[PDB]
>>> print(open('start.cif').read())   # mmCIF, N, CA and C atoms; chains and numbers go by the auth columns
data_run
loop_
_atom_site.group_PDB
_atom_site.id
_atom_site.type_symbol
_atom_site.label_atom_id
_atom_site.label_comp_id
_atom_site.label_asym_id
_atom_site.label_seq_id
_atom_site.Cartn_x
_atom_site.Cartn_y
_atom_site.Cartn_z
_atom_site.B_iso_or_equiv
_atom_site.auth_seq_id
_atom_site.auth_asym_id
ATOM 1 N N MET A 1 124.376 80.441 140.941 0.00 1 A
ATOM 2 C CA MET A 1 124.795 81.845 141.190 0.00 1 A
ATOM 3 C C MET A 1 124.398 82.752 140.029 0.00 1 A
ATOM 4 N N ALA A 2 123.948 83.960 140.356 0.00 2 A
ATOM 5 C CA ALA A 2 123.533 84.921 139.341 0.00 2 A
ATOM 6 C C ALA A 2 124.504 86.096 139.273 0.00 2 A
ATOM 7 N N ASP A 3 124.685 86.638 138.072 0.00 3 A
ATOM 8 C CA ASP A 3 125.588 87.768 137.871 0.00 3 A
ATOM 9 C C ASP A 3 125.601 88.204 136.410 0.00 3 A
ATOM 10 N N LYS A 4 125.555 87.232 135.507 0.00 4 A
ATOM 11 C CA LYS A 4 125.567 87.516 134.077 0.00 4 A
ATOM 12 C C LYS A 4 124.177 87.894 133.574 0.00 4 A
ATOM 13 N N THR A 5 124.102 89.011 132.852 0.00 5 A
ATOM 14 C CA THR A 5 122.838 89.493 132.293 0.00 5 A
ATOM 15 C C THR A 5 121.698 89.409 133.308 0.00 5 A
ATOM 16 N N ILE A 6 122.003 89.694 134.568 0.00 6 A
ATOM 17 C CA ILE A 6 120.995 89.646 135.624 0.00 6 A
ATOM 18 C C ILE A 6 119.937 90.733 135.434 0.00 6 A
ATOM 19 N N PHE A 7 118.673 90.343 135.561 0.00 7 A
ATOM 20 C CA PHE A 7 117.564 91.277 135.413 0.00 7 A
ATOM 21 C C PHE A 7 116.839 91.467 136.745 0.00 7 A
ATOM 22 N N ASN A 8 115.612 91.975 136.689 0.00 8 A
ATOM 23 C CA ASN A 8 114.822 92.199 137.893 0.00 8 A
ATOM 24 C C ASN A 8 113.332 92.056 137.601 0.00 8 A
ATOM 25 N N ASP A 9 112.713 91.036 138.187 0.00 9 A
ATOM 26 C CA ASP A 9 111.291 90.789 137.984 0.00 9 A
ATOM 27 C C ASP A 9 110.450 91.573 138.993 0.00 9 A
ATOM 28 N N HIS A 10 110.193 90.971 140.154 0.00 10 A
ATOM 29 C CA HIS A 10 109.402 91.625 141.190 0.00 10 A
ATOM 30 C C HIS A 10 110.294 92.425 142.139 0.00 10 A
ATOM 31 N N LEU A 11 110.773 91.776 143.199 0.00 11 A
ATOM 32 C CA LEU A 11 111.632 92.439 144.174 0.00 11 A
ATOM 33 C C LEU A 11 112.877 91.608 144.490 0.00 11 A
ATOM 34 N N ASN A 12 113.054 90.498 143.777 0.00 12 A
ATOM 35 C CA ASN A 12 114.206 89.630 143.991 0.00 12 A
ATOM 36 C C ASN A 12 115.216 89.780 142.859 0.00 12 A
ATOM 37 N N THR A 13 116.326 89.056 142.961 0.00 13 A
ATOM 38 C CA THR A 13 117.372 89.111 141.941 0.00 13 A
ATOM 39 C C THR A 13 116.784 88.887 140.544 0.00 13 A
ATOM 40 N N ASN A 14 116.692 87.625 140.125 0.00 14 A
ATOM 41 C CA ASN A 14 116.142 87.290 138.812 0.00 14 A
ATOM 42 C C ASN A 14 116.322 85.804 138.508 0.00 14 A
ATOM 43 N N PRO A 15 115.709 84.920 139.316 0.00 15 A
ATOM 44 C CA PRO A 15 115.810 83.472 139.126 0.00 15 A
ATOM 45 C C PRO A 15 114.919 82.972 137.991 0.00 15 A
ATOM 46 N N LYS A 16 113.965 83.802 137.579 0.00 16 A
ATOM 47 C CA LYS A 16 113.040 83.436 136.512 0.00 16 A
ATOM 48 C C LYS A 16 113.571 83.844 135.140 0.00 16 A
ATOM 49 N N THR A 17 113.864 85.129 134.969 0.00 17 A
ATOM 50 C CA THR A 17 114.366 85.626 133.698 0.00 17 A
ATOM 51 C C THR A 17 115.690 84.972 133.356 0.00 17 A
ATOM 52 N N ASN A 18 116.424 84.570 134.377 0.00 18 A
ATOM 53 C CA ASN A 18 117.715 83.948 134.166 0.00 18 A
ATOM 54 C C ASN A 18 117.587 82.652 133.374 0.00 18 A
ATOM 55 N N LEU A 19 116.952 81.659 133.983 0.00 19 A
ATOM 56 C CA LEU A 19 116.762 80.369 133.347 0.00 19 A
ATOM 57 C C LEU A 19 115.669 80.436 132.291 0.00 19 A
ATOM 58 N N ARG A 20 114.622 81.203 132.576 0.00 20 A
ATOM 59 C CA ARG A 20 113.500 81.316 131.657 0.00 20 A
ATOM 60 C C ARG A 20 113.884 81.968 130.336 0.00 20 A
ATOM 61 N N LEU A 21 114.728 82.996 130.376 0.00 21 A
ATOM 62 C CA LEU A 21 115.128 83.654 129.137 0.00 21 A
ATOM 63 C C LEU A 21 116.208 82.835 128.431 0.00 21 A
ATOM 64 N N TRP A 22 116.849 81.939 129.179 0.00 22 A
ATOM 65 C CA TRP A 22 117.870 81.069 128.616 0.00 22 A
ATOM 66 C C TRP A 22 117.200 79.854 127.988 0.00 22 A
ATOM 67 N N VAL A 23 116.213 79.308 128.694 0.00 23 A
ATOM 68 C CA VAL A 23 115.467 78.156 128.206 0.00 23 A
ATOM 69 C C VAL A 23 114.719 78.516 126.930 0.00 23 A
ATOM 70 N N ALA A 24 114.291 79.773 126.846 0.00 24 A
ATOM 71 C CA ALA A 24 113.568 80.275 125.681 0.00 24 A
ATOM 72 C C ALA A 24 114.534 80.604 124.546 0.00 24 A
ATOM 73 N N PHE A 25 115.765 80.923 124.919 0.00 25 A
ATOM 74 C CA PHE A 25 116.810 81.276 123.962 0.00 25 A
ATOM 75 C C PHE A 25 117.100 80.113 123.008 0.00 25 A
ATOM 76 N N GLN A 26 117.168 78.899 123.547 0.00 26 A
ATOM 77 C CA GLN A 26 117.410 77.706 122.731 0.00 26 A
ATOM 78 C C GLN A 26 116.080 77.117 122.274 0.00 26 A
ATOM 79 N N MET A 27 115.064 77.316 123.092 0.00 27 A
ATOM 80 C CA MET A 27 113.721 76.837 122.800 0.00 27 A
ATOM 81 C C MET A 27 113.226 77.430 121.494 0.00 27 A
ATOM 82 N N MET A 28 113.678 78.636 121.227 0.00 28 A
ATOM 83 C CA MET A 28 113.282 79.361 120.037 0.00 28 A
ATOM 84 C C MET A 28 114.253 79.143 118.883 0.00 28 A
ATOM 85 N N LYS A 29 115.540 79.141 119.195 0.00 29 A
ATOM 86 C CA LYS A 29 116.570 78.940 118.183 0.00 29 A
ATOM 87 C C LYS A 29 116.892 77.464 118.083 0.00 29 A
ATOM 88 N N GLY A 30 117.306 76.904 119.208 0.00 30 A
ATOM 89 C CA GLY A 30 117.617 75.497 119.274 0.00 30 A
ATOM 90 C C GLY A 30 116.486 74.643 118.734 0.00 30 A
ATOM 91 N N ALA A 31 115.267 75.171 118.824 0.00 31 A
ATOM 92 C CA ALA A 31 114.085 74.468 118.349 0.00 31 A
ATOM 93 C C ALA A 31 113.984 74.519 116.827 0.00 31 A
ATOM 94 N N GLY A 32 114.564 75.555 116.231 0.00 32 A
ATOM 95 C CA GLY A 32 114.521 75.699 114.788 0.00 32 A
ATOM 96 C C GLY A 32 115.677 75.007 114.089 0.00 32 A
ATOM 97 N N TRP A 33 116.635 74.507 114.865 0.00 33 A
ATOM 98 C CA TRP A 33 117.791 73.825 114.299 0.00 33 A
ATOM 99 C C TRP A 33 117.476 72.360 114.013 0.00 33 A
ATOM 100 N N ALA A 34 117.360 71.563 115.070 0.00 34 A
ATOM 101 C CA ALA A 34 117.059 70.144 114.921 0.00 34 A
ATOM 102 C C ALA A 34 115.646 69.943 114.394 0.00 34 A
ATOM 103 N N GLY A 35 114.756 70.868 114.730 0.00 35 A
ATOM 104 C CA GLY A 35 113.387 70.768 114.268 0.00 35 A
ATOM 105 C C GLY A 35 113.305 70.693 112.758 0.00 35 A
ATOM 106 N N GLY A 36 114.002 71.606 112.091 0.00 36 A
ATOM 107 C CA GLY A 36 114.000 71.628 110.641 0.00 36 A
ATOM 108 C C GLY A 36 115.027 70.690 110.040 0.00 36 A
ATOM 109 N N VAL A 37 116.144 70.496 110.730 0.00 37 A
ATOM 110 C CA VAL A 37 117.185 69.610 110.245 0.00 37 A
ATOM 111 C C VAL A 37 116.776 68.162 110.435 0.00 37 A
ATOM 112 N N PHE A 38 116.450 67.819 111.672 0.00 38 A
ATOM 113 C CA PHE A 38 116.056 66.463 112.000 0.00 38 A
ATOM 114 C C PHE A 38 114.653 66.140 111.498 0.00 38 A
ATOM 115 N N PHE A 39 113.666 66.909 111.943 0.00 39 A
ATOM 116 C CA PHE A 39 112.288 66.678 111.529 0.00 39 A
ATOM 117 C C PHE A 39 112.098 67.020 110.058 0.00 39 A
ATOM 118 N N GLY A 40 112.694 68.125 109.620 0.00 40 A
ATOM 119 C CA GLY A 40 112.580 68.508 108.227 0.00 40 A
ATOM 120 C C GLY A 40 113.105 67.420 107.316 0.00 40 A
ATOM 121 N N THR A 41 114.068 66.655 107.817 0.00 41 A
ATOM 122 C CA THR A 41 114.647 65.562 107.052 0.00 41 A
ATOM 123 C C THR A 41 113.796 64.306 107.199 0.00 41 A
ATOM 124 N N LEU A 42 113.421 63.982 108.438 0.00 42 A
ATOM 125 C CA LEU A 42 112.608 62.800 108.688 0.00 42 A
ATOM 126 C C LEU A 42 111.297 62.881 107.926 0.00 42 A
ATOM 127 N N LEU A 43 110.701 64.063 107.898 0.00 43 A
ATOM 128 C CA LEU A 43 109.471 64.262 107.171 0.00 43 A
ATOM 129 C C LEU A 43 109.775 64.230 105.682 0.00 43 A
ATOM 130 N N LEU A 44 110.993 64.623 105.310 0.00 44 A
ATOM 131 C CA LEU A 44 111.374 64.616 103.907 0.00 44 A
ATOM 132 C C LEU A 44 111.577 63.194 103.404 0.00 44 A
ATOM 133 N N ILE A 45 112.169 62.352 104.242 0.00 45 A
ATOM 134 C CA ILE A 45 112.434 60.967 103.870 0.00 45 A
ATOM 135 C C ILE A 45 111.268 60.047 104.229 0.00 45 A
ATOM 136 N N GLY A 46 110.798 60.145 105.464 0.00 46 A
ATOM 137 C CA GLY A 46 109.707 59.310 105.910 0.00 46 A
ATOM 138 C C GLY A 46 108.450 59.594 105.137 0.00 46 A
ATOM 139 N N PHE A 47 108.339 60.820 104.647 0.00 47 A
ATOM 140 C CA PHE A 47 107.182 61.208 103.879 0.00 47 A
ATOM 141 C C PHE A 47 107.381 60.846 102.410 0.00 47 A
ATOM 142 N N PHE A 48 108.631 60.918 101.957 0.00 48 A
ATOM 143 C CA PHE A 48 108.977 60.593 100.580 0.00 48 A
ATOM 144 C C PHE A 48 108.996 59.088 100.364 0.00 48 A
ATOM 145 N N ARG A 49 109.355 58.359 101.413 0.00 49 A
ATOM 146 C CA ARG A 49 109.441 56.911 101.337 0.00 49 A
ATOM 147 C C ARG A 49 108.069 56.259 101.495 0.00 49 A
ATOM 148 N N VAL A 50 107.178 56.910 102.238 0.00 50 A
ATOM 149 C CA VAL A 50 105.838 56.377 102.440 0.00 50 A
ATOM 150 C C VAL A 50 104.977 56.638 101.217 0.00 50 A
ATOM 151 N N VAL A 51 105.204 57.778 100.574 0.00 51 A
ATOM 152 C CA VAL A 51 104.457 58.124 99.377 0.00 51 A
ATOM 153 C C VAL A 51 104.881 57.225 98.230 0.00 51 A
ATOM 154 N N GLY A 52 106.146 56.822 98.249 0.00 52 A
ATOM 155 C CA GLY A 52 106.650 55.939 97.221 0.00 52 A
ATOM 156 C C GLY A 52 106.570 54.487 97.646 0.00 52 A
ATOM 157 N N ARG A 53 105.798 54.224 98.702 0.00 53 A
ATOM 158 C CA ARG A 53 105.643 52.874 99.220 0.00 53 A
ATOM 159 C C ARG A 53 104.190 52.404 99.138 0.00 53 A
ATOM 160 N N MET A 54 103.260 53.343 98.964 0.00 54 A
ATOM 161 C CA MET A 54 101.845 52.991 98.880 0.00 54 A
ATOM 162 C C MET A 54 101.111 53.820 97.827 0.00 54 A
ATOM 163 N N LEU A 55 101.799 54.157 96.741 0.00 55 A
ATOM 164 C CA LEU A 55 101.180 54.929 95.669 0.00 55 A
ATOM 165 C C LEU A 55 101.727 54.498 94.312 0.00 55 A
ATOM 166 N N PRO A 56 103.033 54.698 94.055 0.00 56 A
ATOM 167 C CA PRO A 56 103.636 54.273 92.794 0.00 56 A
ATOM 168 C C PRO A 56 103.510 52.765 92.627 0.00 56 A
ATOM 169 N N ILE A 57 103.247 52.082 93.736 0.00 57 A
ATOM 170 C CA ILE A 57 103.104 50.639 93.719 0.00 57 A
ATOM 171 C C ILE A 57 101.958 50.233 92.797 0.00 57 A
ATOM 172 N N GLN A 58 100.784 50.819 93.018 0.00 58 A
ATOM 173 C CA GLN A 58 99.615 50.531 92.187 0.00 58 A
ATOM 174 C C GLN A 58 99.500 51.531 91.046 0.00 58 A
ATOM 175 N N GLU A 59 99.702 52.798 91.391 0.00 59 A
ATOM 176 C CA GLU A 59 99.623 53.889 90.442 0.00 59 A
ATOM 177 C C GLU A 59 100.650 53.693 89.351 0.00 59 A
ATOM 178 N N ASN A 60 101.767 53.091 89.732 0.00 60 A
ATOM 179 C CA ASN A 60 102.831 52.817 88.794 0.00 60 A
ATOM 180 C C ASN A 60 102.988 51.310 88.590 0.00 60 A
ATOM 181 N N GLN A 61 102.245 50.530 89.378 0.00 61 A
ATOM 182 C CA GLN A 61 102.292 49.076 89.294 0.00 61 A
ATOM 183 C C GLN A 61 103.727 48.567 89.418 0.00 61 A
ATOM 184 N N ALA A 62 104.583 49.361 90.061 0.00 62 A
ATOM 185 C CA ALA A 62 105.983 48.991 90.241 0.00 62 A
ATOM 186 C C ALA A 62 106.411 49.135 91.702 0.00 62 A
ATOM 187 N N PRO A 63 107.163 48.153 92.233 0.00 63 A
ATOM 188 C CA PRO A 63 107.622 48.178 93.623 0.00 63 A
ATOM 189 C C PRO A 63 108.761 49.179 93.863 0.00 63 A
ATOM 190 N N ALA A 64 110.007 48.731 93.688 0.00 64 A
ATOM 191 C CA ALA A 64 111.165 49.590 93.894 0.00 64 A
ATOM 192 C C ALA A 64 111.589 50.346 92.622 0.00 64 A
ATOM 193 N N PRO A 65 111.092 49.958 91.422 0.00 65 A
ATOM 194 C CA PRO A 65 111.459 50.631 90.170 0.00 65 A
ATOM 195 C C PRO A 65 111.459 52.154 90.297 0.00 65 A
ATOM 196 N N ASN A 66 110.629 52.670 91.198 0.00 66 A
ATOM 197 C CA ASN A 66 110.541 54.108 91.421 0.00 66 A
ATOM 198 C C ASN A 66 110.885 54.454 92.867 0.00 66 A
ATOM 199 N N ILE A 67 111.776 55.422 93.045 0.00 67 A
ATOM 200 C CA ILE A 67 112.194 55.842 94.379 0.00 67 A
ATOM 201 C C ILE A 67 111.967 57.344 94.576 0.00 67 A
ATOM 202 N N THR A 68 112.644 57.927 95.565 0.00 68 A
ATOM 203 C CA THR A 68 112.500 59.351 95.848 0.00 68 A
ATOM 204 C C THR A 68 113.333 60.189 94.880 0.00 68 A
ATOM 205 N N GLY A 69 114.635 60.264 95.128 0.00 69 A
ATOM 206 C CA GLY A 69 115.515 61.035 94.269 0.00 69 A
ATOM 207 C C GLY A 69 115.065 62.476 94.118 0.00 69 A
ATOM 208 N N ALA A 70 114.354 62.980 95.122 0.00 70 A
ATOM 209 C CA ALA A 70 113.862 64.354 95.095 0.00 70 A
ATOM 210 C C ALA A 70 114.227 65.093 96.376 0.00 70 A
#
>>> encode(input="start.cif", output="structure tokens")
Amino acid sequence: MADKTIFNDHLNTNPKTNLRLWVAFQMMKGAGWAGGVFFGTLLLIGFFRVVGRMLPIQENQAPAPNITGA
């Protein structure tokens, strides 16, 4: 059912702007939440752990002696 913030596209009520503007509402915001929180973290750890897993090993000749802590 439509009624809240109802718009008008062509000649019908607004079945597109309704869901489409709602899907975009979280797609744009909701996408910046987990994207940066979840991915921003995964890339922060997965990237920090991989760099400290195949570089300080030879470059530092040490296995776990060196970690992220950044």
>>> atom_distance(input="start.cif", atom1="atom CA of residue 56 of chain A", atom2="atom CA of residue 40 of chain A")
22.8 Å
>>> atom_distance(input="start.cif", atom1="atom C of residue 61 of chain A", atom2="atom C of residue 49 of chain A")
15.0 Å
>>> closest_residue(input="start.cif", among="A:54, A:43, A:62, A:2", to="residue 15 of chain A", atoms="all atoms listed in the file")
A:2
>>> select_by_dssp(input="start.cif", residues="segment 6-63 of chain A", states="alpha helix (DSSP H)", output="JSON, numbers by chain")
{"A": [15, 16, 17, 18, 19, 20, 21, 22, 23, 24, 25, 26, 27, 28, 30, 31, 32, 33, 34, 40, 41, 42, 43, 44, 45, 46, 47, 48, 49, 50, 51, 56, 57, 58, 59]}
>>> atom_distance(input="start.cif", atom1="atom CA of residue 44 of chain A", atom2="atom CA of residue 70 of chain A")
9.2 Å
>>> resolve_selection(input="start.cif", expression="the PyMOL selection byres ((chain A and resi 17-25) around 8)", output="PDB file with N, CA and C atoms, in the coordinates of the input")
ATOM      1  N   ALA A   2     123.948  83.960 140.356  1.00  0.00           N
ATOM      2  CA  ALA A   2     123.533  84.921 139.341  1.00  0.00           C
ATOM      3  C   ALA A   2     124.504  86.096 139.273  1.00  0.00           C
ATOM      4  N   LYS A   4     125.555  87.232 135.507  1.00  0.00           N
ATOM      5  CA  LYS A   4     125.567  87.516 134.077  1.00  0.00           C
ATOM      6  C   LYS A   4     124.177  87.894 133.574  1.00  0.00           C
ATOM      7  N   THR A   5     124.102  89.011 132.852  1.00  0.00           N
ATOM      8  CA  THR A   5     122.838  89.493 132.293  1.00  0.00           C
ATOM      9  C   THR A   5     121.698  89.409 133.308  1.00  0.00           C
ATOM     10  N   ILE A   6     122.003  89.694 134.568  1.00  0.00           N
ATOM     11  CA  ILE A   6     120.995  89.646 135.624  1.00  0.00           C
ATOM     12  C   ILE A   6     119.937  90.733 135.434  1.00  0.00           C
ATOM     13  N   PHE A   7     118.673  90.343 135.561  1.00  0.00           N
ATOM     14  CA  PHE A   7     117.564  91.277 135.413  1.00  0.00           C
ATOM     15  C   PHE A   7     116.839  91.467 136.745  1.00  0.00           C
ATOM     16  N   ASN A   8     115.612  91.975 136.689  1.00  0.00           N
ATOM     17  CA  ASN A   8     114.822  92.199 137.893  1.00  0.00           C
ATOM     18  C   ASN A   8     113.332  92.056 137.601  1.00  0.00           C
ATOM     19  N   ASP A   9     112.713  91.036 138.187  1.00  0.00           N
ATOM     20  CA  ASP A   9     111.291  90.789 137.984  1.00  0.00           C
ATOM     21  C   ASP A   9     110.450  91.573 138.993  1.00  0.00           C
ATOM     22  N   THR A  13     116.326  89.056 142.961  1.00  0.00           N
ATOM     23  CA  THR A  13     117.372  89.111 141.941  1.00  0.00           C
ATOM     24  C   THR A  13     116.784  88.887 140.544  1.00  0.00           C
ATOM     25  N   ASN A  14     116.692  87.625 140.125  1.00  0.00           N
ATOM     26  CA  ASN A  14     116.142  87.290 138.812  1.00  0.00           C
ATOM     27  C   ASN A  14     116.322  85.804 138.508  1.00  0.00           C
ATOM     28  N   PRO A  15     115.709  84.920 139.316  1.00  0.00           N
ATOM     29  CA  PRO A  15     115.810  83.472 139.126  1.00  0.00           C
ATOM     30  C   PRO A  15     114.919  82.972 137.991  1.00  0.00           C
ATOM     31  N   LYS A  16     113.965  83.802 137.579  1.00  0.00           N
ATOM     32  CA  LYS A  16     113.040  83.436 136.512  1.00  0.00           C
ATOM     33  C   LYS A  16     113.571  83.844 135.140  1.00  0.00           C
ATOM     34  N   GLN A  26     117.168  78.899 123.547  1.00  0.00           N
ATOM     35  CA  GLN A  26     117.410  77.706 122.731  1.00  0.00           C
ATOM     36  C   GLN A  26     116.080  77.117 122.274  1.00  0.00           C
ATOM     37  N   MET A  27     115.064  77.316 123.092  1.00  0.00           N
ATOM     38  CA  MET A  27     113.721  76.837 122.800  1.00  0.00           C
ATOM     39  C   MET A  27     113.226  77.430 121.494  1.00  0.00           C
ATOM     40  N   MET A  28     113.678  78.636 121.227  1.00  0.00           N
ATOM     41  CA  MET A  28     113.282  79.361 120.037  1.00  0.00           C
ATOM     42  C   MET A  28     114.253  79.143 118.883  1.00  0.00           C
ATOM     43  N   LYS A  29     115.540  79.141 119.195  1.00  0.00           N
ATOM     44  CA  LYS A  29     116.570  78.940 118.183  1.00  0.00           C
ATOM     45  C   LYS A  29     116.892  77.464 118.083  1.00  0.00           C
ATOM     46  N   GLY A  30     117.306  76.904 119.208  1.00  0.00           N
ATOM     47  CA  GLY A  30     117.617  75.497 119.274  1.00  0.00           C
ATOM     48  C   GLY A  30     116.486  74.643 118.734  1.00  0.00           C
ATOM     49  N   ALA A  31     115.267  75.171 118.824  1.00  0.00           N
ATOM     50  CA  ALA A  31     114.085  74.468 118.349  1.00  0.00           C
ATOM     51  C   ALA A  31     113.984  74.519 116.827  1.00  0.00           C
TER      52      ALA A  31
END
>>> resolve_selection(input="start.cif", expression="the PyMOL selection byres ((chain A and resi 66) around 8)", output="ChimeraX atom specification")
/A:52-53,56-57,62-65,67-69
>>> build_atoms(input="start.cif", residues="segment 4-20 of chain A", atoms="N, CA, C and O atoms", output="PDB file, keeping the file's coordinate frame")
ATOM      1  N   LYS A   4     125.555  87.232 135.507  1.00  0.00           N
ATOM      2  CA  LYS A   4     125.567  87.516 134.077  1.00  0.00           C
ATOM      3  C   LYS A   4     124.177  87.894 133.574  1.00  0.00           C
ATOM      4  O   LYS A   4     123.200  87.188 133.825  1.00  0.00           O
ATOM      5  N   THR A   5     124.102  89.011 132.852  1.00  0.00           N
ATOM      6  CA  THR A   5     122.838  89.493 132.293  1.00  0.00           C
ATOM      7  C   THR A   5     121.698  89.409 133.308  1.00  0.00           C
ATOM      8  O   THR A   5     120.563  89.091 132.952  1.00  0.00           O
ATOM      9  N   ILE A   6     122.003  89.694 134.568  1.00  0.00           N
ATOM     10  CA  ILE A   6     120.995  89.646 135.624  1.00  0.00           C
ATOM     11  C   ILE A   6     119.937  90.733 135.434  1.00  0.00           C
ATOM     12  O   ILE A   6     120.262  91.893 135.184  1.00  0.00           O
ATOM     13  N   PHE A   7     118.673  90.343 135.561  1.00  0.00           N
ATOM     14  CA  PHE A   7     117.564  91.277 135.413  1.00  0.00           C
ATOM     15  C   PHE A   7     116.839  91.467 136.745  1.00  0.00           C
ATOM     16  O   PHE A   7     117.385  91.155 137.805  1.00  0.00           O
ATOM     17  N   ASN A   8     115.612  91.975 136.689  1.00  0.00           N
ATOM     18  CA  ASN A   8     114.822  92.199 137.893  1.00  0.00           C
ATOM     19  C   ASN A   8     113.332  92.056 137.601  1.00  0.00           C
ATOM     20  O   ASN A   8     112.757  92.850 136.858  1.00  0.00           O
ATOM     21  N   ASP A   9     112.713  91.036 138.187  1.00  0.00           N
ATOM     22  CA  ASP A   9     111.291  90.789 137.984  1.00  0.00           C
ATOM     23  C   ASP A   9     110.450  91.573 138.993  1.00  0.00           C
ATOM     24  O   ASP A   9     110.043  92.702 138.724  1.00  0.00           O
ATOM     25  N   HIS A  10     110.193  90.971 140.154  1.00  0.00           N
ATOM     26  CA  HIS A  10     109.402  91.625 141.190  1.00  0.00           C
ATOM     27  C   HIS A  10     110.294  92.425 142.139  1.00  0.00           C
ATOM     28  O   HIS A  10     110.538  93.612 141.917  1.00  0.00           O
ATOM     29  N   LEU A  11     110.773  91.776 143.199  1.00  0.00           N
ATOM     30  CA  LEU A  11     111.632  92.439 144.174  1.00  0.00           C
ATOM     31  C   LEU A  11     112.877  91.608 144.490  1.00  0.00           C
ATOM     32  O   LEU A  11     113.665  91.969 145.364  1.00  0.00           O
ATOM     33  N   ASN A  12     113.054  90.498 143.777  1.00  0.00           N
ATOM     34  CA  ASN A  12     114.206  89.630 143.991  1.00  0.00           C
ATOM     35  C   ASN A  12     115.216  89.780 142.859  1.00  0.00           C
ATOM     36  O   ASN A  12     114.995  90.536 141.913  1.00  0.00           O
ATOM     37  N   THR A  13     116.326  89.056 142.961  1.00  0.00           N
ATOM     38  CA  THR A  13     117.372  89.111 141.941  1.00  0.00           C
ATOM     39  C   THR A  13     116.784  88.887 140.544  1.00  0.00           C
ATOM     40  O   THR A  13     116.417  89.843 139.862  1.00  0.00           O
ATOM     41  N   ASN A  14     116.692  87.625 140.125  1.00  0.00           N
ATOM     42  CA  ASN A  14     116.142  87.290 138.812  1.00  0.00           C
ATOM     43  C   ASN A  14     116.322  85.804 138.508  1.00  0.00           C
ATOM     44  O   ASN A  14     117.008  85.438 137.553  1.00  0.00           O
ATOM     45  N   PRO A  15     115.709  84.920 139.316  1.00  0.00           N
ATOM     46  CA  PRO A  15     115.810  83.472 139.126  1.00  0.00           C
ATOM     47  C   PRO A  15     114.919  82.972 137.991  1.00  0.00           C
ATOM     48  O   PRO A  15     115.086  81.852 137.507  1.00  0.00           O
ATOM     49  N   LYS A  16     113.965  83.802 137.579  1.00  0.00           N
ATOM     50  CA  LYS A  16     113.040  83.436 136.512  1.00  0.00           C
ATOM     51  C   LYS A  16     113.571  83.844 135.140  1.00  0.00           C
ATOM     52  O   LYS A  16     113.714  83.009 134.255  1.00  0.00           O
ATOM     53  N   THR A  17     113.864  85.129 134.969  1.00  0.00           N
ATOM     54  CA  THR A  17     114.366  85.626 133.698  1.00  0.00           C
ATOM     55  C   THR A  17     115.690  84.972 133.356  1.00  0.00           C
ATOM     56  O   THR A  17     116.045  84.847 132.190  1.00  0.00           O
ATOM     57  N   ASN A  18     116.424  84.570 134.377  1.00  0.00           N
ATOM     58  CA  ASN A  18     117.715  83.948 134.166  1.00  0.00           C
ATOM     59  C   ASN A  18     117.587  82.652 133.374  1.00  0.00           C
ATOM     60  O   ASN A  18     118.058  82.553 132.242  1.00  0.00           O
ATOM     61  N   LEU A  19     116.952  81.659 133.983  1.00  0.00           N
ATOM     62  CA  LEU A  19     116.762  80.369 133.347  1.00  0.00           C
ATOM     63  C   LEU A  19     115.669  80.436 132.291  1.00  0.00           C
ATOM     64  O   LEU A  19     115.759  79.789 131.249  1.00  0.00           O
ATOM     65  N   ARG A  20     114.622  81.203 132.576  1.00  0.00           N
ATOM     66  CA  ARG A  20     113.500  81.316 131.657  1.00  0.00           C
ATOM     67  C   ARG A  20     113.884  81.968 130.336  1.00  0.00           C
ATOM     68  O   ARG A  20     113.420  81.541 129.279  1.00  0.00           O
TER      69      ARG A  20
END
